[PDB]
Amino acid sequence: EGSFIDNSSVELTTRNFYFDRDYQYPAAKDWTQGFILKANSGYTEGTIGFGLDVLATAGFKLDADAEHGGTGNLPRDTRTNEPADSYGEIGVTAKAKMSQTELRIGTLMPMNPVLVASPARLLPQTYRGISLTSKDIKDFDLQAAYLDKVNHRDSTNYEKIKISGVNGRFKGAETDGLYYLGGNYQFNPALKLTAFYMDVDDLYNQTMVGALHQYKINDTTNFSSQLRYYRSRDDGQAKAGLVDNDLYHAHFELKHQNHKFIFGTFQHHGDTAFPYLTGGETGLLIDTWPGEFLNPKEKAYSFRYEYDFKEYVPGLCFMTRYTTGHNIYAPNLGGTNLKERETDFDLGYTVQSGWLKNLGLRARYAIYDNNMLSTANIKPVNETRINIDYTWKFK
């Protein structure tokens, strides 16, 4: 009984994480230590191959006053509100696969343009469900899933999925489950086109379409164009209320030598905001941090620089971004035509290479403001994140 175990991988990340959200509601602030264990067995020999994945996860308090609770890093007692001394999920996934087409059941971590299990706090959020995925049809990279429960990043248990009522944009309310499906086509070597559909029962459905385009000029000098469209609405009884949003997101990139230069825009049309699920973020951006820019009717613009430092220090890498929003419609929260500001700074040192393969060191700072009412959930804030990740590889 060889492959299953000869090919198994076994990795253990250790993170030390400091999170502080300060306003001028008190600070939401903690210092925490994490442990993430992934064991994915190889595949059994045969026409069909069988396997077993394991996620084992544990967080511990280091300094965390109860009055600064509810960052996403520790759960908190629903009687007393103390953030826990410690906590841990154990999840398990089965696998089957012929060719390059696989089928999974149990803990899952979807990551596509409509849906993202959340990496953004100490521990990941997971769903449970069934996926199917396949690259066997030529040029098509596909995925589908049916998901029925969710385990949060700051919880221990599988709950029912539900929709965020942030800012009063929608009545929060829970579903029985959701599916997605889509993937993408490679049209020709420069161009690549994407399509998804996600139906969340009695809550909302969504259409995503898109296209990425590559164009090179030098060895050092490079440029891409991505144009996406998202049509968000109601499946059946619509227990959330009205959902009527059309989003257009264009995103361009010029890389020259070690520098990048990036422009984004969101353009919202319709009567409401762009909906999403609780305990996480969106499949729109890989991160955009405390400010999110999804208010109803909003028009927003984003500018980004990056600098890779190979020349001086292999592994070192820097970023900064200015993001502005407007014609924002929230009469409950102080007006039509409101606005949002953010300034992000981000410094990542990661050692690929060497005997410290996989050692991470990272600062992130954000300065977010608005002119909306103090009684909004998304509130003017200055957030700090520092983390120290290392990973062992036992096999």
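Note that residue numbering follows the sequence shown and begins at 1.
The gap between residue 24 and residue 25 holds 4 to 9 unmodelled residues of the deposited sequence. The stretch with the higher mean CA B factor, choosing between 254-262 and 84-92, is 254-262. Two stretches are in play, 161-169 and 315-323, and the higher mean C-alpha B-factor belongs to 315-323. Among 56, 366, 62, 359, the highest C-alpha B-factor recorded in the PDB entry belongs to 359. Split the chain's modelled residues into thirds by C-alpha temperature factor. Residue 387 is in the highest one.
In the PDB entry, residue 343 places in the middle third of its chain by CA B-factor.
The PDB entry assigns residue 286 a C-alpha temperature factor belonging to the highest third of its chain's modelled residues.
In the PDB entry, a CA B factor belonging to the lowest third of its chain's modelled residues is recorded for residue 128. When the modelled residues of the chain are ordered by their C-alpha B factor, residue 203 lands in the middle third.
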